[PDB]
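Only one structure is covered here, and it is reproduced in the block below.
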Amino acid sequence: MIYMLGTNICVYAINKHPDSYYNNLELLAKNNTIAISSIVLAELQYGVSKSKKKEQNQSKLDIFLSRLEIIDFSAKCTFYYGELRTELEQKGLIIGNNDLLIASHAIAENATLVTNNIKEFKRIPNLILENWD
Amino acid sequence: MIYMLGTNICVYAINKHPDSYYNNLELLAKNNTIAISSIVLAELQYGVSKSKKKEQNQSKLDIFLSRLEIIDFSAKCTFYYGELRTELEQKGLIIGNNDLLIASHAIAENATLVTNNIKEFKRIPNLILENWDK
Amino acid sequence: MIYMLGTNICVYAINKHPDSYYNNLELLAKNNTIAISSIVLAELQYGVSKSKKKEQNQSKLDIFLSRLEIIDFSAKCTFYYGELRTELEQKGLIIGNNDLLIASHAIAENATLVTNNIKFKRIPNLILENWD
Amino acid sequence: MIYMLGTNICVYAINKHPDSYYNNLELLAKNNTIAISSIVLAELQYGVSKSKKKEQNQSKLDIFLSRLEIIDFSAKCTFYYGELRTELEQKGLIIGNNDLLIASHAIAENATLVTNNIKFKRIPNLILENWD
Amino acid sequence: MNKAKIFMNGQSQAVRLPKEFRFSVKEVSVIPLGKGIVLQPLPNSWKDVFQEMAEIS
Amino acid sequence: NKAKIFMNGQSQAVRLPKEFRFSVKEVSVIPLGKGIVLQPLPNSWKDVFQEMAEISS
Amino acid sequence: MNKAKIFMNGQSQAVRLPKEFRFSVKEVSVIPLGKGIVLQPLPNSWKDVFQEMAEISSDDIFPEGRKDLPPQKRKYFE
Amino acid sequence: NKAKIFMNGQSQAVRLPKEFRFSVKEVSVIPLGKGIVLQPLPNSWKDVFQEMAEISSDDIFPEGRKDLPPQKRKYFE
DNA sequence: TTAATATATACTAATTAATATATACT
DNA sequence: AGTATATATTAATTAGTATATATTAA
């Protein structure tokens, strides 16, 4: 199984580095693939560029990525994004621009999206989720 | 070089099919690579799914993509996105959503980004632009 | 991940074709790789050659292998075999000669070995899954 | 042509390093391929792991392997193994598990099996060469 | 801009797929769309194998 | 309906059912979700724009 | 019987690995064994990843949180 | 200690620490579990046998090989 | 009895690996 | 001393082109 981490899981891992997070990651890494979308990486890079301690935050992000596979947002994801965006709009469900791309990438890869806070993420059709806290 | 088309160029090409667009494409295709970001394709696929005539719109999009290269949004684009988004917010400027991802992608590929208007990609640093008037 | 089927799982699948095994294989194949060691295939081919219904049993094994990956017993496996055999003998525990090769192949590939008798459980560093 | 070395030839080469063995190897190596099955390597790795001087024995094995080709026991070998095992059992002919796999591998590769102890002598379709 | 050649396999027509568009499955569904067709992977059927294994007996 | 995947040389291929046969020697391959669209390949950007105009009008 | 060439990379010596011996890790363990060496895959553990991040001092990423604005309803095609 | 893996052309390479530098321009590569052994390559079978003779160790298989007959199983019907 | 199924091969194109250097930086 | 990346050329491998043919289920 491919486990795709949501931006919020990554931000909390870099900022707060909780022991429960590394234990969950080490357990899954033994028989599964831990990855992040290049969309999540775009968000993480924005977090670093926006900060005061850019060099240190980049260093922490680089260390965090040493153990992850960065999956490119590919042509295969686009049909799923199209279908998902339409369906969410039809049901009156509002999702942020990046979260919508991240969700559709998880769907295209048939991956489990690891989220810090579920909220409207469960309302997303054909999406496998796992919540950590 | 690489010419990446923006969403507006692509939507106008499919809907209005102007002669000036195919003449620019045929001219450029002879010595350059015509491409679209997978981010543009995400927007075009949303256009299809949302529409009433899904089959026809998919067909037209499939025909449009036949002489294009679809470039995946890769890890190399991420650094440029982070820097561009931060700079635009610092200046109080907004070229939100996918257009920021699309612009980052052209910057990362060292490509000319093809536009329809001045609003789509405004005062965006380090970005090579080319406007095809409607 | 990689799921490596043991000899007994394969023999029971071909002979008895249980729904439970089918269910398992249709479920795991969606996100994982179903595979066998070339050691298992050596044993299954012997089962066919020994058999009264040779032609039919070959046909059934051929169909069974169509959705399977046959992994060669490679040079990387040898170090694990040597270490595993020595350790098992040191603890006085006795495993079948082919089963010892099949187990050391699952360890070398970091695969889940699917068995018919877990209580195989004594083998160190081996991931197992039992099917009924 | 392919010359595949049996376990006994290998064990004697590493332990006793006889003058005659390297002369036969050097002669054949000029126009032929000298190789071992990954089944032989599994046995030699077990020999290393079992020993008291593990580091030295691994070093000797590593040096021995430097000029030979390690051939993986593949899917093509399986049909030959099944046929050979059935035939040997039918005739009441005893053969060790590993020797049966090593013999089938040579048969599959159409190789000459280099042996130390003659009686491999009764295996059908197997090309042999004995060294003293 | 990827292209694929059409060739004959027996009395059937066939399309040679470029490496980038290779399938990991055995069968695909075929549905018309405009002047062409869409090909979608069909699940690697363990059902199909268990049916013929039972048929042989 | 369905189509089988087979090997032709070192390339993968799809055997087309008779009803889905093409009258051209080469096709355009476009991704769509986990699969692909096979369609006639327009020779140029003018043909592409002409072909799109035929679908709409 | 496999061979690999020794070459220079900067002021360091390097061994060009044949394709069959490629590693999927970016770091390896090097241990002596007789006249040679053993190379084994050495990936950083998630524990080591978290320990290395904890050593680095910086301000938090997204202190006010993530601003992921929703897209606008677009009617691209008819 | 540790060595970094990098790209040289389209080939993968290992950067050796100074203490592990070789005085030859080509090495022998042998698999060992998930990894490899890099060692000097003897020029011939004589040099292979001479290098093994220099190493002092206990004999492998002193009691001999325990190659028991293949294990039995129920197979088809 | 006509598609389709299954496999096989000689060859050439295209792609990817490997060789052998170069460079500026930490 | 090591990190990191670059790249031209040739060597080698792998993909693709073209074809052939004997069987079998629709």
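Every heavy atom of this structure was used, including side-chain atoms; hydrogens, water molecules and symmetry mates were not. In what follows, chains are A, B, ... by sequence order, proteins preceding strands, each numbered from 1.
Nucleotide I:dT23 shows a positive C1'-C2'-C3'-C4' value and thus a north, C3'-endo-like sugar.
With rounding to whole Å, F:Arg15 atom CZ is found 14 Å from J:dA26 atom P. One interatomic measurement links the two molecules: CD1 of E:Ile6 to P of J:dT17, which rounds to 12 Å at whole-angstrom precision. Atom CD of G:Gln11 is separated from atom P of I:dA24 by 13 Å (rounded to the nearest Å). In this structure, CD of E:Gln13 is placed 10 Å from P of I:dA4, rounded to the nearest angstrom. When rounded to the nearest whole Å, the span between CE of G:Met8 and P of I:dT19 equals 16 Å. Atoms CD (G:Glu20) and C1' (J:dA12) sit 13 Å apart, rounded to a whole Å. Distance, G:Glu27 CD to J:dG2 P: 14 Å, rounded to whole Å. In this structure, CZ of F:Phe6 is placed 13 Å from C1' of J:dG16, rounded to the nearest angstrom.
Proximity of the aromatic rings of C:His17 and E:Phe50 is defined here by a centroid distance below 6.0 angstrom, and this criterion is not met.
Taking A:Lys76 as the reference, A:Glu109 meet the side-chain hydrogen bond (donor to acceptor under 3.5 Å, both in side chains) condition, with sequence neighbours excluded.
Of the possible polar contacts, none joining the G:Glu27 side chain to the G:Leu42 backbone as a donor-acceptor pair under 3.5 Å is found. With hydrogens and angles disregarded, a donor-acceptor distance shorter than 3.5 Å links the side chain of B:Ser38 to the backbone of A:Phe73. Judged purely by atom type and a 3.5 angstrom limit, A:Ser66 uses its side chain to pair as donor or acceptor with the backbone of A:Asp62.
An OP1 or OP2 oxygen of I:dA3 is reached within less than 4.0 angstrom by a side-chain nitrogen or oxygen of F:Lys18. Not one side-chain nitrogen or oxygen of E:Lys5 sits closer than 4.0 Å to the OP1 or OP2 atom of I:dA13.
Helical stems in DNA chain J, defined as runs of 3 or more consecutive Watson-Crick or G-U wobble pairs with both donor-acceptor distances under 3.5 Å, are listed by first residue as I:1-26 with J:1-26.
Each of I:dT5, I:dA18, J:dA6 was ranked by its minimum atom distance to the side chain of G:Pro18; first place goes to I:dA18. Side-chain proximity of G:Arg22 to I:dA4, J:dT5, I:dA18: nearest is I:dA18.
A donor-acceptor contact under 3.5 Å is not formed by the side chain of E:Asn9 with the base of J:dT21.
Closest-nucleotide positions on DNA chain I for H:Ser11 and F:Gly9 were compared, and the one nearer the 5' end corresponds to F:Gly9.
A distance of 5.5 Å separates CG of C:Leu5 from CZ of C:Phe64, quoted to the nearest 0.5 Å. Residue G:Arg22 holds its CZ atom at 6.5 Å from CD of H:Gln12, rounded to the nearest 0.5 Å.
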